[PDB]
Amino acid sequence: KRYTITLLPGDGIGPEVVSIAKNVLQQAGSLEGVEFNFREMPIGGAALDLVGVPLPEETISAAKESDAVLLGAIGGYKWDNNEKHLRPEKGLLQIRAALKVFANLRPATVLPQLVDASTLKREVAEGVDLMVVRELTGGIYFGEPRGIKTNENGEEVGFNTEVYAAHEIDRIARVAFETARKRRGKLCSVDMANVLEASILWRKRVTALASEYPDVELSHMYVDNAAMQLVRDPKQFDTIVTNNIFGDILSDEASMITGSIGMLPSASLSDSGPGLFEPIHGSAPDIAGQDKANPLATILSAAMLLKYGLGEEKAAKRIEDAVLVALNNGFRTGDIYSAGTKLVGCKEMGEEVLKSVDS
């Protein structure tokens, strides 16, 4: 009935779109007898300016002690020439690690009202609805050893290590099987098991877990083939599970295929703590304060918060329905504007979503 939510407004358009999502979350939850206590905490450039680091401990503490975390965006010109460990992005890596949210869920859907935004033909883009479950805190991005060394003659050698232990594969796979159960019951595990030992172990562990989720249809696909299949017939996918680097690449491809980056939400889940919910778009510093931002991705991230974070299915559906009503009514922010629709600002789009909720 009452949940604790940490808000991380962050940078650029972050505070603006989180403020709207906060209100939508309140109203939708209210209609299901659910109430929230919100606390805003610093992260990213906002934290750098206020505290001097991208992620203060107080923010980690508040996040960990809450039921779920809703983040806006991170990044800005001001901090782009900071040392690496003091860049806003570092705070995002750090809070994922601290919350142990190893599972990144990014749903790529093409909404009926926005089909023509995709560069894919209508009959190919219409009905696309897939979920990339990406291992988020491990693999080659974090693997050791790594470096640039000067070998025995004058010459530099640069190296990185793709590495996963069995338990890291198991836990991301389990989340993917559970996620397929909340969707259409089809899971495609994507790897390079024809050449990489790390992928051979990936496929071995996923294959072994299949018997524990016998209700889910499991298939396997190579990464380069998945990159082709997303272009040729993306409607074939329900849920995809893959490692960090392949998930990064394939999800971004899928996101672009839908055609509307400003619409796309994300969830980052752990085994037993609060999840982290965030739009995948950036901080869009050039339109900050100009009332142009698309709040719908953050609103849909609050819907994922309710569904995947708190198990509040009905409240989440209320949010998703109201977004569809706003789009059905012809309202579009600039990034999704098309002839014959109603171009609106961030605030007005937020207002239109709120009325369908409260209708």
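One-based numbering along the sequence shown.
**Q** Can you tell me whether 334-342 has a higher mean C-alpha B factor than 10-18 in this record, or the other way round?
**A** Per the PDB entry, the higher value belongs to 334-342.
**Q** Which has the higher mean CA temperature factor in the PDB entry, 259-267 or 78-86?
**A** Of 259-267 and 78-86, the stretch with the higher C-alpha B-factor average is 78-86.
**Q** Checking the record values for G72, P285, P234, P107, which has the greatest CA B factor?
**A** In this record, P285 carries the highest C-alpha B-factor of the candidates.
**Q** Report the option among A47, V34, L305, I299 whose CA atom has the maximum B-factor in the deposited record.
**A** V34 has the highest C-alpha B-factor of those listed.
**Q** Tell me, lowest, middle or highest third: where does the Cα B factor of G154 rank within its chain?
**A** For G154, the deposited C-alpha B-factor lands in the highest third.
**Q** Of the three thirds of its chain by CA temperature factor, lowest, middle or highest, which one includes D248?
**A** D248: CA B-factor falls in the lowest third of its chain.
**Q** Sorting by Cα B-factor within the chain, modelled residues only, which third would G289 end up in: lowest, middle or highest?
**A** Highest third - that is where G289 ends up once the chain's C-alpha B-factors are sorted.
**Q** Comparing against every modelled residue in the chain, figure out the third that the C-alpha B-factor of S272 lands in (lowest, middle or highest).
**A** For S272, whose C-alpha B-factor we compare with every modelled residue in the chain, the answer is the highest third.
**Q** Which third of the chain holds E123 when residues are ordered by C-alpha B factor: lowest, middle or highest?
**A** According to the entry, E123 has a C-alpha B-factor in the chain's highest third.
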